[PDB]
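A short worksheet on the structure shown next.
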Amino acid sequence: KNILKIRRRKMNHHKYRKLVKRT
Amino acid sequence: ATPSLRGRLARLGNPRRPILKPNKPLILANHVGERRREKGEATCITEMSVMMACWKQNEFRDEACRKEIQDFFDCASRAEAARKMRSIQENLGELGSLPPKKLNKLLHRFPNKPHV
Amino acid sequence: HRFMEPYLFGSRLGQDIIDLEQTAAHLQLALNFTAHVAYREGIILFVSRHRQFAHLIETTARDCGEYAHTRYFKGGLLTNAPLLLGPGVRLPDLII
Amino acid sequence: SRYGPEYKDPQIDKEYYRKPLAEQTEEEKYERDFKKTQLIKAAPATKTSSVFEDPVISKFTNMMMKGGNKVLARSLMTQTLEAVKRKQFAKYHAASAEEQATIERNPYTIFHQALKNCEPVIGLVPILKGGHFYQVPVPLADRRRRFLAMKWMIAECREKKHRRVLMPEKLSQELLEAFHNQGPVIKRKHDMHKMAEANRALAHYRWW
Amino acid sequence: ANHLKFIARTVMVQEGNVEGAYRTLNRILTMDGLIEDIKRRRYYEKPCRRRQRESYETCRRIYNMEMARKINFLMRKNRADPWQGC
Amino acid sequence: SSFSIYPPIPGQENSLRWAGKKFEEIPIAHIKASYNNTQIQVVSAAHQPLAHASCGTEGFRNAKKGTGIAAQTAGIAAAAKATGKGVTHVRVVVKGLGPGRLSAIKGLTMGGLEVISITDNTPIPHXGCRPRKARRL
RNA sequence: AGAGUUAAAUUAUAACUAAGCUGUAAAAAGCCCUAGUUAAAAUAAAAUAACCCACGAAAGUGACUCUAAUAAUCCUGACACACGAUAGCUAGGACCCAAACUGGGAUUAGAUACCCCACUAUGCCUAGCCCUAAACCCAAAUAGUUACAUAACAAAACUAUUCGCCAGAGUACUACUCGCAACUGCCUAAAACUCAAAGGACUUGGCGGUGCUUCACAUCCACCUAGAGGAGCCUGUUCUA
Ligand SMILES: [K+]
Ligand SMILES: [K+]
Ligand SMILES: [K+]
Ligand SMILES: [Mg+2]
Ligand SMILES: [Mg+2]
Ligand SMILES: [Mg+2]
Ligand SMILES: [Mg+2]
Ligand SMILES: [Mg+2]
Ligand SMILES: [Mg+2]
Ligand SMILES: [Mg+2]
Ligand SMILES: [Mg+2]
Ligand SMILES: [Mg+2]
Ligand SMILES: [Mg+2]
Ligand SMILES: [Mg+2]
Ligand SMILES: [Mg+2]
Ligand SMILES: [Mg+2]
Ligand SMILES: [Mg+2]
Ligand SMILES: [Mg+2]
Ligand SMILES: [Mg+2]
Ligand SMILES: [Mg+2]
Ligand SMILES: [Mg+2]
Ligand SMILES: [Mg+2]
Ligand SMILES: [Mg+2]
Ligand SMILES: [Mg+2]
Ligand SMILES: [Mg+2]
Ligand SMILES: [Mg+2]
Ligand SMILES: [Mg+2]
Ligand SMILES: [Mg+2]
Ligand SMILES: [Mg+2]
Ligand SMILES: [Mg+2]
Ligand SMILES: [Mg+2]
Ligand SMILES: [Mg+2]
Ligand SMILES: [Mg+2]
Ligand SMILES: [Mg+2]
Ligand SMILES: [Mg+2]
Ligand SMILES: [Mg+2]
Ligand SMILES: [Mg+2]
Ligand SMILES: [Mg+2]
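Protein chains in written order, with the entry's author numbering: chain AD, 128 to 150; chain Ac, 2 to 117; chain Ab, 98 to 193; chain AF, 35 to 242; chain AQ, 2 to 87; chain Ai, 60 to 196.
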């Protein structure tokens, strides 16, 4: 199902929102 | 009367926004669902409580609780009789409405036509 | 049915009325066609899956000397004839 | 089971056949028993038409049996009835005028009455719910209560008796103790009632 | 709070039985839907869930009341078949 | 025998007197049947409390007090204390929806107290305080 | 969009009675300044009607009353003008109740989670900003046709005028750049490099601590009898040799 793409975009946004916070 | 099904579902020729979003299509099947078994509840509670009153009031001796003890036995037999006969008769008792097996055969003789 | 519109004379209070003038024209050819295939020694089969005239239709074919099948129709009867009936079977030349 | 489904349990009571003319519905029952040509099982070796037998004695005799010694089990049950009879006879002799016509000298009457006082009225069955076991009281059936009384009698006199004291005499003492509602078996019956009354709010868990 | 007391949602027992009177009260609340309403107000349902619940309640009420009509309509066709073994 | 379910309206004059007193003069038995406890209080026509009882005060503790039997025992105890003060009939008002509604009603019946009217006064907000969130058990 | 208004519930608060009250599958913690009944502001939210499908351009709106009021003589159209749930920010006011964060209790190998109790931001009113959503009916606007014709699935197929958008997948609602009352932000949006696939729908099988119904006669539970695990001995493995 299309959830295999929303989850991939979920992780990237969740990791980017920690790269901004850390630096 | 049946609720109106006009301008409810999401269709191309529908200006009104959707009001109903069914999980499965509203197509009548050729069979009805089976009857659901009635969940059980604890029996002989109003008779056990009064029995416990005499036991606590007489040092757990049935020398004066004979009236309560017999009713507890009577309730157990009464509950036993009803529990061991409800299943067989309820299948064909039908409460005025045909059992699921008969309704399935009746519906098969006059099936629904989604196609053509 | 949608294809029966040309054959309908009209509808009377929600009840369709079949145009008998077109029925007479069709029935005249149907009887004429039925007789000719019987004249040439043809096998005629009466098929009717209706449980109110099954006996009457079955008796009708017996008097005419022709065959009738008003019972349940098996799946591979007319198509897979050799297996259902026998090794060499002559298929009916007309079905009513 | 070498007997098929058609075979039925035989009727042994002689009095049921010798006086059938006083009833009509029961006459229809046994006249159709052979008119249906229903096969009858062989008579069991234990049960007999002797008027001196008793069904409660046979069940109690069987449970006392260990291994396959029916002779030894029957011998023990014979001595126990004799031992009870001897003690009651001695007590009758050494009694006053009012005490004489109180003592019971019938061991069968004592044995039947003793077990009817050792039967619990309400039992317990564990019920699993929420990952834990709750002791929920239940209205035990008559057959279970009768069987449970016999097991308690045998369990007590087999375990906490002395090595010197014989089995027939030790069981005789407990029968008299249970006849007067003071034996340890009666204490165990009350203990089961204590636990049942304590968990009187958990009866809602059961679904029958 | 401001209305008179012992007028609304009140029944009176007859001939001295109370189990019968209580069941009459429950049928009053169930028909008016208060019993289910109290069940749903124990916790809070978001408006997203409220509309999704009213789209399943309405759909069931349509299918059930339509299958019910077909059963009644076809109920007369349950007599013994007069053409058995025809 | 024409019997009306609706209560006798105070404005009118209905010749239906229990134990020599009118309808409004009969005491009240408040029943608050929550999901974990059942509290029973009997009050006079002037809203003066007579007796109070609950599953907690009758020895039941923790989860046990929320069961039906606990509410049944509370009904028996409350009636006995009420009957001691000399009350025969009472108008029982049920508050809230819980497992102890049925038991408390018949608890007063078997405790030596007679009921004539049943009222349900469950708190029903008309739109009100926002209740707590859901439980994802 | 303004102005005025309040039925049901809840709370401050007072009287009376009671010793306990809340809470869970089961408990603890918390409370005892508490609970029940009677009397009762403010704030907040709008049972049944609604099995109705109306209004607005969309997001949205369904307690009552009054005032003002819903463009175009009735096509398409942007980066321009105006608007845009909820969360979030700035200043003042309100605070019943709910409640991220935080503290306590419990569960667990751990539980900085699910469950229980307390309370804050905040949800609310006035003025300003932010301009993001599965902003999805995933189906663009205006005129039409039921002809031709079934990839699959779904909400049947198509024609005319016009605008917007789309050129493998990952990298990527990212780097750099322009604008913005934004400054951990929004919009616009690549490449180096890696792979020969990514992706939509369907079919059968297996599985499901998914639901409904039915059933285990040595059998899963309830339940019956005799034994193994404890000791010596016999014998068979592993290890030691
Ligand atoms: K309202
Ligand atoms: K399958
Ligand atoms: K061994
Ligand atoms: Mg990634
Ligand atoms: Mg519209
Ligand atoms: Mg779906
Ligand atoms: Mg008010
Ligand atoms: Mg305003
Ligand atoms: Mg504590
Ligand atoms: Mg208070
Ligand atoms: Mg205040
Ligand atoms: Mg709507
Ligand atoms: Mg417009
Ligand atoms: Mg307009
Ligand atoms: Mg324009
Ligand atoms: Mg906004
Ligand atoms: Mg906001
Ligand atoms: Mg805000
Ligand atoms: Mg800032
Ligand atoms: Mg502020
Ligand atoms: Mg606050
Ligand atoms: Mg709070
Ligand atoms: Mg913690
Ligand atoms: Mg929306
Ligand atoms: Mg879109
Ligand atoms: Mg759109
Ligand atoms: Mg457009
Ligand atoms: Mg327009
Ligand atoms: Mg159009
Ligand atoms: Mg296909
Ligand atoms: Mg292409
Ligand atoms: Mg690329
Ligand atoms: Mg984004
Ligand atoms: Mg960005
Ligand atoms: Mg086994
Ligand atoms: Mg051995
Ligand atoms: Mg060993
Ligand atoms: Mg060994």
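The C-beta atom is built at its ideal place from N, Cα and C for all residues, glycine as well.
Which residues in the same chain have their Cβ closer than 8 Å to the Cβ of residue i, if we skip the five residues on either side of it in sequence?
i       : result
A22/AQ  : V12, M13, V14 and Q15
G155/Ai : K91, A92, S93, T181 and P182
Measure the CB-CB distance between residue i and residue j and report whether it falls below 7 Å.
i       : j       : result
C114/Ai : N95/Ai  : no
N113/Ac : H32/Ac  : no
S145/Ab : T131/Ab : no
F119/Ai : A129/Ai : yes
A117/AF : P202/AF : yes
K48/AF  : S84/AF  : no
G170/Ai : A138/Ai : yes
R18/Ac  : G8/Ac   : no
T44/Ac  : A82/Ac  : no
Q169/AF : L158/AF : yes
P171/AF : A77/Ac  : no
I87/Ai  : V102/Ai : yes
Using a Cβ-Cβ cut-off of 6 Å (strictly less than) and excluding sequence neighbours within five positions of residue i, which residues of its own chain qualify?
i       : result
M226/AF : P154
Taking the C-alpha atoms as reference points, what is the distance between residue i and residue j?
i       : j       : result
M99/AF  : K204/AF : 16 Å
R28/AQ  : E61/AF  : 52 Å
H238/AF : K81/Ai  : 41 Å
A230/AF : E69/Ac  : 16 Å
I20/Ac  : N121/Ai : 47 Å
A112/Ai : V153/Ai : 15 Å
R50/AQ  : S108/Ab : 50 Å
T31/AQ  : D38/AQ  : 10 Å
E64/Ac  : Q58/AF  : 41 Å
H148/Ai : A9/AQ   : 20 Å
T143/AF : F123/AF : 14 Å
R36/AF  : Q45/AF  : 20 Å
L110/AF : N215/AF : 24 Å
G183/Ab : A165/Ab : 18 Å
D67/AF  : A76/AF  : 16 Å
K228/AF : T47/Ac  : 19 Å
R194/Ai : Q53/AQ  : 18 Å
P67/Ai  : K6/AQ   : 12 Å
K85/Ac  : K40/AQ  : 34 Å
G79/Ai  : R24/AQ  : 29 Å
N79/AQ  : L107/Ac : 7 Å
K93/AF  : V105/AF : 15 Å
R62/Ac  : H224/AF : 8 Å
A151/Ab : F111/Ac : 20 Å
Leaving out the 5 sequence neighbours to the left and right, which residues in its chain are closer than 7 Å to residue i when beta-carbon positions are compared?
i       : result
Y104/Ab : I115, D116 and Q119
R87/Ac  : none
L29/Ac  : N113
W186/AF : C152, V219 and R222
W56/Ac  : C66
Just checking residue i against ligand 1 - is the residue's beta carbon closer than 6 Å to any of the ligand's heavy atoms?
i       : result
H185/Ai : yes
* Just the residues with CB closer than 7 Å to a heavy atom of ligand 4, in chain order, which are they? -> With 7 Å as the limit between CB and the heavy atoms of ligand 4, the residues that fall short of it are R135/AD, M138/AD and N139/AD.
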